[PDB]
Amino acid sequence: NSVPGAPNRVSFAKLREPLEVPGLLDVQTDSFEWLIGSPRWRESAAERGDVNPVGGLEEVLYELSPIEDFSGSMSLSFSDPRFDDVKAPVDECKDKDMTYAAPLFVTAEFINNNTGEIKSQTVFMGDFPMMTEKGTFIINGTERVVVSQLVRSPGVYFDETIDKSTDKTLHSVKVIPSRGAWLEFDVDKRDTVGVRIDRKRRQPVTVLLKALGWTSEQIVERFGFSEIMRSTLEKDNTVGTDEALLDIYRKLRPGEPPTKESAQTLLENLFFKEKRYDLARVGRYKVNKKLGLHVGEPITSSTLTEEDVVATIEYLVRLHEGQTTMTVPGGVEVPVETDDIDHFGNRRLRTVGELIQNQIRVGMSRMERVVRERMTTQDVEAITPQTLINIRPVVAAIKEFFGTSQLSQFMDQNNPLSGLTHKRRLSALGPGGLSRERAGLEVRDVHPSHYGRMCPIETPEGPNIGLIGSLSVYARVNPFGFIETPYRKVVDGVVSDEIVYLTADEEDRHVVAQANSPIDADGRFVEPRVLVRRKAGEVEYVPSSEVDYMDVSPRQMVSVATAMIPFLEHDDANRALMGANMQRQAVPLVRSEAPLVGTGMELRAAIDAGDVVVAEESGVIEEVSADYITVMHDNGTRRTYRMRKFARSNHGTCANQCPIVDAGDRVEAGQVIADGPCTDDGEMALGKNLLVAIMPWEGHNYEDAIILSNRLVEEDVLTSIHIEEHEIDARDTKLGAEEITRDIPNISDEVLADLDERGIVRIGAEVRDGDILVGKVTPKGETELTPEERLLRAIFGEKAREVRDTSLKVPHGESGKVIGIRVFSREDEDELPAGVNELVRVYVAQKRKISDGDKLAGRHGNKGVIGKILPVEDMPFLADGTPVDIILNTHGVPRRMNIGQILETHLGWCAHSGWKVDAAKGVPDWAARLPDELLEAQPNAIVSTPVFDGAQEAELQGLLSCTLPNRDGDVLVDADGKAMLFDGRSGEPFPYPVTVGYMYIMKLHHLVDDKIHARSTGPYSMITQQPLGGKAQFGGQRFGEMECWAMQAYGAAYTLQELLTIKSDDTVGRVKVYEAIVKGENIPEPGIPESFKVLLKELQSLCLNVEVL
Amino acid sequence: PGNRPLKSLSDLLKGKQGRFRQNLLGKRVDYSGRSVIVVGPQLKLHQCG
Amino acid sequence: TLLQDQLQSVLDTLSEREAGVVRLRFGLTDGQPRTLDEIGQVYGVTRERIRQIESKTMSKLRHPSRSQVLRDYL
Amino acid sequence: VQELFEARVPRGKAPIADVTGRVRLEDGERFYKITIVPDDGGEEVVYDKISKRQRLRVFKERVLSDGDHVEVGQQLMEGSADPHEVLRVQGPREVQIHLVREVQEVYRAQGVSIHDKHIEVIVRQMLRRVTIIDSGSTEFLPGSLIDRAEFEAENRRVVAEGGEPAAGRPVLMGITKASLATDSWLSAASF
């Protein structure tokens, strides 16, 4: 639907979709799209209001310029930031390990005050990383992604608390700007106020107010209504402006002689000097909105004007009096209520744009205080604009952000959906925000405002639940950073089509309708009443007159990864969350078959994932080949697409790609041309459809274990590809320079039958565990060999050498062909790190079959390892002779409340056999509603079932009584949906009909080849003699504490001591036991370790004489 | 360098890094491995794959 | 250690003199080498009467049987 | 369970009877007033404020009311009684049963079985020490905790030499505080 060449996936839905899904990747591209300032965003935020737009960079320069020294004799100004064209295209930048950027130019001008000059000079600011078409960045060849961050928005926050002593209500306020000072207006258990600005112990409201230039009469005039401040003024003890101004200054410093500076300069240099205290363009808006200030205004400023303060002051006193509304001279009346910190109306989302703008600003705040410092001590009249601009700090800051920053993460891409959902993520943790251990379980809970903005289902299971969430489908980011959602406004019970994006603030004030309401052909609520969501957040019920807004469609709450689970409204939240988190972990198979029964988010989430080569302009195919395709547009110029074949992903998967068109086909703009890793015909296909039964089979699938058939191994139905990358480097050492050469110290000649004449192996060599990949050799140095060895070299006429055999050998348990070999050299201009003459990398491919130990999983969160793989001949086979493929257990279905995975098992069979409603005289009651043209479907037909609007419990049962016979008229699955299986092992049939169907399962990326480990004796750390391993090093297992407790509970002293002494640290013990073992003698009885003759020395180093008696 | 306190002699005994707290915090050992597990419904009670 | 013991075993199969000759030449038992004439000092011979014997013994060791057990330690 | 083993004072404090006799209940301003008249009789014991949120207990006649005969350690209000008071009032052997029952009931409430010998092995480590209230004649500082065995074997060294009356009372102490003070210098140095 609304896609040129998409497949025809029948749908079970009943409602319409007035609004179609947005540009899922918009939150990254159209969000970036504001630092550069491309005309695209110009028109976007110029047609929908936005009187005057200013780019992300321009908004920095226009706050930096004009550079002015303290002498006031000269000035520097910046303007017109523009970008050139990129140097190297994406692909090349991904291959040569060079960062994908473009040049940045800013017009700079210096002017003198004595006489003045008009020197304008285009200053090159440096390289700037650009955002690829998919929304990711390329840094040093690695594809990284920036993740938006949730942060409470600067502004005014009120609140109230109860004291246990007297049990009254104390109403506090706070004003939190970006890079400023905080001043809570507390209201103590007693009176009167909590003026304690900048956290200095307190102050009285009349002090700061009067010090602002207020007569003691005006205070009682405005704020007397409102008598609680009468006591504040009475007990203030101070009369006059400076009489309390110098007291404020005292409490601030303290301990310094008061003056006229310490009285007025301070106050005017903490709130009204827009260089040390400035609340960003957002705060200046959240404050006006909260209070009833200039709100109707193009207003643009960052100084906390006196007025605002006074307002909030009385606001506070009005709160702890008992009232609802508040007004101010000339201001729009606002309601009085304590704000909530977690409400999605006070929690903005700094996207990838503001994070880069912040880094650019922090850099400018280093490159800025380098001109005005080299502006006085330079030769005046001899300086040119470029002579002052030391750009280096800015590029350094940028590179220090895109690297080593905990918000720039390697794009988790082992399949299209994992990549798509790595973007659109919002993590409340990270820099500038809260932490993971210092944030109580309040920011984790789901708030009734998250409906439509953040999905409540999708979230990690580890110690991050609630801290890392994902955007919804229809949501959209405001120009400030607040998340919006589209509603349809209904006027007088007549549902219209005027879509209106509401934020989180202006949603509670109104009344929101429900998605699935009985509208009758016009927009009239058939029934007299309707469900609603009132301000507070409760679920009320109202008449069909107050309803003004209504959701555009169900599944608004659901994210993208979640909107692909069929029958979601039948699964529990735990299992639904596990299913949503176990899809971004699947692996791309070799065939990539589409799912038989999914939802509408398949076709519309692959073309947006950025791994499906989409025809750009409607043309006609001219030539196709596994390597590339060419389209001949209707207007002359053609265009050649280059599909990437067998490219390694970041997690080791395969990035294959293959055309899906012929040499004559006509194509239109948007249509799919080449499939992706996990796509099929241009739509997500993460796994395969397998015939599954639901019986427990003789104890091989016990407690989540799964058994398979050999067919899935013979017919390459779950075979996957994996490409690993090994790397070695040859540097210069103290004795010389390491050389990568075919020559080697004492070694055989059968371990060189695959290395080319110059070391590195030849492409196509079937390597295995232990073999050699790169021939390296390092200078030995100089030593002196004992007799036994000199009398041995003489015998074998092999004079010794001065090199060590330190090559690059394949790690343990790894095989497969050698695909690619990359080589960089300092002698060949191939830039590399310091002290590195050469650097080689070797890619090894491997086709992994399914094997017991590999984890599998369906969409509904059900998972399990593969325990047994029976031959194809002993497996419960239907009456025809078709063996079931997988055999799931029953005891896992009921107690986990995921009966969803059963419904799709039933439907999965229907859509596999194909039905035809027998309504040739009249549509049966059960199926007189759902669609038309869905009363019959050819065998092996595709279908769809939207998340909360799909098939119905009473419809499957109607689609299960029409299951046309396979070849000879013989219905195999009776009405209830159960077959009569024959026991392939014993021969006779099972005594009860068993449930069978077609389930869509996926092979996760937790294969045993990754987990299996072992270590007999490896390398040990030098400082601490405990075992240690790395890439090609075993590593050693960790015998923790509770294990020692268990050992002691057994009373096994010798085993514990052995695990503690001759296996971890005792160097004289490990070798003395290894020698015994290898010689076949008795293991020496564990004595007292040598780690006890070191405690005595460490004590005696303190003048403590400890003696063993 | 870095305006950090240097570890004195007492720091060889105190804290979770000292000698006293050494053998208690557990330590990784040799002749060990790990792996994923499955069901062995044909194994006896005293066997394992 | 196994290498030392295997050297001892192999050298125990040669003549009564040649064993000590090779030892004192490469300084196995005592620990310090000896010049060509130094060893013969105790055998009443000179440079050649020692060097010829030493060379012939080395050629003997190079035989495949002798080097079969030692070739791997190298 | 953690509050039972830590030997804290239960936030839902419940006052326990101190002397046998009669009981006089008086209402008041939002909590209570309870004066136990000693069966001796003589000096009565007075509990001032038993918040109305903390209702009355029950006892076997019925929901205990005014004028009722309460025994030595019969609980007065519902909630949780602190082990220190029950120890001071009814002896150690009663505090052991109290702790064991309070833990085993919390465990039974979940369908878990733990034989009492485990909880007893754990409790035995709590009632080992005595607090030296009267330093007496032998070097024992007031308010310090000393092991019962040692405190008794030292006063066993009371060969006349001047009557050394080292007076101390048993002390119930949580697991943490009881483990802080050990007899091996390095074992404690490892904390």
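Brief remarks follow.
Table: residues versus (1) within 14 Å of chain B (Cβ to nearest Cβ); (2) hydroxyl-bearing (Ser, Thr, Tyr).
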| residue | (1), (2) |
| --- | --- |
| A:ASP925 | no, no |
| A:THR963 | no, yes |
| A:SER986 | no, yes |
| A:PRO989 | no, no |
| A:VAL996 | no, no |
| A:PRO1019 | yes, no |
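- Answer residue from the range A:415-461, given it is of a type in the set (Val, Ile, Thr) and over 21 Å from A:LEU25 (Cα atoms) and is surrounded by the most Cβ atoms within 10 Å (Cβ to Cβ) among those: A:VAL443
- Across the range C:52-74, the qualifying residues are those that are more than 18 Å from C:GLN6 (Cβ to Cβ) and within 14 Å of chain A (Cβ to nearest Cβ), and the one among them that is surrounded by the most Cβ atoms within 10 Å (Cβ to Cβ) is C:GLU54.
- Within the range A:814-823, the presence of a residue that is hydroxyl-bearing (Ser, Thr, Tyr) and either in contact with a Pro (Cβ under 9 Å, 6 or more places away or on another chain) or more than 30 Å from A:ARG591 (Cα to Cα) (or both) is excluded.
Per-residue answers, yes or no, for (1) touching a helix residue (DSSP H, G or I) at 6+ places or on another chain (Cβ under 9 Å); (2) surrounded by fewer than 17 Cβ atoms within 10 Å (Cβ to Cβ); (3) not in a loop (DSSP other than H, G, I, E, B):
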position: A:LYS164; (1), (2), (3): no, yes, no
position: A:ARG179; (1), (2), (3): no, yes, no
position: A:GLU217; (1), (2), (3): no, yes, yes
position: A:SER226; (1), (2), (3): yes, yes, no
position: A:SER231; (1), (2), (3): no, yes, yes
position: A:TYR249; (1), (2), (3): yes, no, yes
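- Checked against (1) over 30 Å from A:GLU461 (Cα atoms); (2) touching a helix residue (DSSP H, G or I) at 6+ places or on another chain (Cβ under 8 Å); (3) of a type in the set (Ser, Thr, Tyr), A:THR599 passes all but condition (1).
- Conditions (1) surrounded by fewer than 13 Cβ atoms within 10 Å (Cβ to Cβ); (2) among the aliphatic types (A, V, I, L, M); (3) within 14 Å of chain C (Cβ to nearest Cβ): number failed by A:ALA753: (3)
- Of everything in the range B:9-23 that is in a loop (DSSP other than H, G, I, E, B) and facing chain A (nearest Cβ under 7 Å), the residue that is farthest from A:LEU1060 (Cα to Cα) is B:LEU9.
For every residue, the table says whether it meets (1) more than 14 Å from chain B (Cβ to nearest Cβ); (2) within 35 Å of the chain's Cα centre (by Cα); (3) surrounded by fewer than 19 Cβ atoms within 10 Å (Cβ to Cβ).
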{"position": "A:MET684", "(1), (2), (3)": "yes, yes, no"}
{"position": "A:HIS700", "(1), (2), (3)": "no, no, no"}
{"position": "A:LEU708", "(1), (2), (3)": "no, yes, no"}
{"position": "A:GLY736", "(1), (2), (3)": "yes, no, yes"}
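- Of the helices (runs of 4 or more DSSP H) contained entirely in the range A:1-108, those carrying at least 3 residues that are among the acidic types (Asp, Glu) fall at A:58-64, A:90-95.
- Candidates are the residues of the range D:24-36 that are of a type in the set (A, V, I, L, M, F, W, C) and within 22 Å of the chain's Cα centre (by Cα); the one that is farthest from D:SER65 (Cα to Cα) is D:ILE36.
Matching residues to (1) among the aliphatic types (A, V, I, L, M); (2) closer than 24 Å to B:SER10 by Cα:
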{"site": "A:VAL1068", "(1), (2)": "yes, no"}
{"site": "A:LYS1072", "(1), (2)": "no, no"}
{"site": "A:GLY1080", "(1), (2)": "no, no"}
{"site": "A:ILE1083", "(1), (2)": "yes, no"}
{"site": "A:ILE1088", "(1), (2)": "yes, no"}
{"site": "A:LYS1093", "(1), (2)": "no, yes"}
{"site": "A:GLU1098", "(1), (2)": "no, yes"}
{"site": "A:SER1101", "(1), (2)": "no, yes"}
{"site": "A:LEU1104", "(1), (2)": "yes, yes"}
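- Candidate set: the range A:1062-1091, residues that are in contact with a helix residue (DSSP H, G or I) (Cβ under 6 Å, 6 or more places away or on another chain) and at the interface with chain B (Cβ under 10 Å from one of its Cβ atoms); chosen: the one farthest from C:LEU2 (Cα to Cα): A:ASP1065
- Candidates D:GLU154, D:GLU164 - the one that is of a type outside the set (A, V, I, L, M, F, W, C), away from every other protein chain (no Cβ under 14 Å), assigned to a helix (DSSP H, G or I) and surrounded by 14 or more Cβ atoms within 10 Å (Cβ to Cβ): D:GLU154
- Residue check, D:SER190 among the small types (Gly, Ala, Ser), in contact with a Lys or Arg (Cβ under 9 Å, 6 or more places away or on another chain), under 30 Å from B:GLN17 (Cβ atoms) and within 14 Å of chain B (Cβ to nearest Cβ): yes
- Residue in the range A:1032-1061 that is farthest from A:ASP771 (Cα to Cα), counting only those that are more than 9 Å from every other protein chain (Cβ to nearest Cβ), among the hydrophobic types (A, V, I, L, M, F, W, C) and assigned to a loop (DSSP other than H, G, I, E, B): A:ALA1052
- Candidates are the residues of the range A:998-1017 that are among the aliphatic types (A, V, I, L, M) and within 32 Å of the chain's Cα centre (by Cα); the one that is farthest from the other protein chains (Cβ to nearest Cβ) is A:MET999.
- Test: residue in the range A:128-147 that is under 30 Å from A:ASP339 (Cα atoms) and either buried (at least 18 other Cβ atoms within 10 Å of the Cβ) or touching a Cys at 6+ places or on another chain (Cβ under 6 Å) (or both): yes
- Taking every residue in the range A:772-798 that is within 14 Å of chain C (Cβ to nearest Cβ) and pairing it with any residue that is assigned to a helix (DSSP H, G or I) and of a type in the set (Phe, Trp, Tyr), at least 6 positions away or on another chain, the pairs with Cβ-Cβ distances below 8 Å are A:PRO787/C:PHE26; A:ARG790/C:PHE26; A:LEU791/C:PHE26; A:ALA794/C:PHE26.
- Screening C:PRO33 on (1) at the interface with chain A (Cβ under 8 Å from one of its Cβ atoms); (2) assigned to a loop (DSSP other than H, G, I, E, B); (3) under 13 Å from A:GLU789 (Cα atoms) shows it passes everything except condition (3).
- Counting the residues of the range A:109-138 that are more than 23 Å from the chain's Cα centre (by Cα) and not in a strand (DSSP E or B) gives 6.
Methodologically, a virtual Cβ is constructed for each residue, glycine included, from the backbone with ideal geometry; neighbour enumeration extends over all protein chains shown. Laboratory data are not the source of any read-out in this text; all were calculated from the coordinates shown.
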